[PDB]
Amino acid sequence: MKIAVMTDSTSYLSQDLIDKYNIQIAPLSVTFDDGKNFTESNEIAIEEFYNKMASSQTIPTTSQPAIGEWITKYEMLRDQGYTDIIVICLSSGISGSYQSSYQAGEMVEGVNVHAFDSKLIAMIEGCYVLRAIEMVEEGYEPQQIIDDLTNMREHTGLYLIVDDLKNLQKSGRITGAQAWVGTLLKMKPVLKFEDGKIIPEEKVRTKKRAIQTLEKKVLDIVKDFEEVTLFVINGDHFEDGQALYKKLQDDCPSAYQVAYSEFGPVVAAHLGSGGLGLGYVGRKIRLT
C-alpha cells in the first residue's frame, strides 16, 4: 500500500511544505474582463493581482481546476506507483473543484481516489492536507484517514472580515447608498463558514472592533477543544493581520498553536482589499 496526498491551490500551503512532502497542486484560476488570467501558484506577485483588482471596473471570475489537471496528476501519481490518492479540496458549497476532482478520480485506472470535501479554505483547508500526510507517515489506512478528517471537520471553522465595500458594490451585492452608509459608519461585515457555506454573523463598526470580535468568538469556540490550532489569514493589509497575530500570541497560552498565513488571488477576488480571517482547527496540526 502506497498512499499519496494532493490538493488544490486554494489550500495556500507554503512552498516549503509542498517541496518537503512533494504535494501535488491542482491550481485554480481567476480571469478578468480584460482577458488577463492569473493561475494560482507560489510564483505570481499578489501585489500585481491586487493592483489589477483595484484597476478593474468589474470584479473578476474564478475558475475551478479544469477536468484535466486532476487527471494528469492522478496519472503521474499512478505511474510513480501510488495505490491510494487522498484529495483535499476547498468547500464544495462555494466551488466545483471537489466535484471535478471526484469525477476525474473515476476516469483514472489503477489507484483509488479518495476525494475529501474540506468545507473550508486557505490554510484551514491545508491543515487537512498536513494531517493526512502525517497520518500516512504513521501508517494509517485511507478509510481511517477519511474518518479522521471527517471528525476534524466537526471542530474546524473560519470567521472573516470584509473590508472592501467598493468590491461588494462592484459585484452588485450592495447598493451605492448602502456602501456610503457603511463607509460613514465604518461598518465591517463579519462572515463565517458553516457546513461549507459563507453566512453572515455580525455587522461591527470599525475594523478594530471587528478584529476583537473575531478573537472573542474564536477563543470562546476553542476554549472547549482538547487541542487548538489557530490561523490568522491576512490580505494586503499587513498591519491588521500582524496585530491580530500578536494579540493572539499574547492572549493565548503556549498550549495553543498560533500561526500566520495569507490567502491568494482566488480568495482575494471575492473578499476584496483588506479582508482578514481567523480560522481554527481542533487538532495539533504538524505545521513543520
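One-based numbering along the sequence shown.
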> Going by the B-factors listed in the PDB entry, is the mean over the C-alpha atoms higher for 66-74 or for 25-33?
Replying inline: 66-74
> Per the entry, where is the mean C-alpha temperature factor higher: 91-99 or 176-184?
Replying inline: 176-184
> Looking at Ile124, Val113, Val218, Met152, which has the highest CA B-factor as recorded?
Replying inline: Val113
> Going by the deposited entry, which of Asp117, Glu109, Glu194, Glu202 has the highest CA temperature factor?
Replying inline: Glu109
>> Splitting the chain's C-alpha B-factors into thirds, which one does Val281 fall into?
In response: lowest
>> Test of reading the entry: by CA B factor among the chain's modelled residues, which third contains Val162?
In response: middle
> So where's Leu214 on the chain's Cα temperature factor ranking, which third?
Replying inline: lowest
> With respect to C-alpha B-factor, does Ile198 fall in the lowest, middle or highest third of the chain as deposited?
Replying inline: lowest
>> Taking only the Cα B-factors deposited for this chain, tell me whether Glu48 sits in the lowest, middle or highest third.
In response: highest
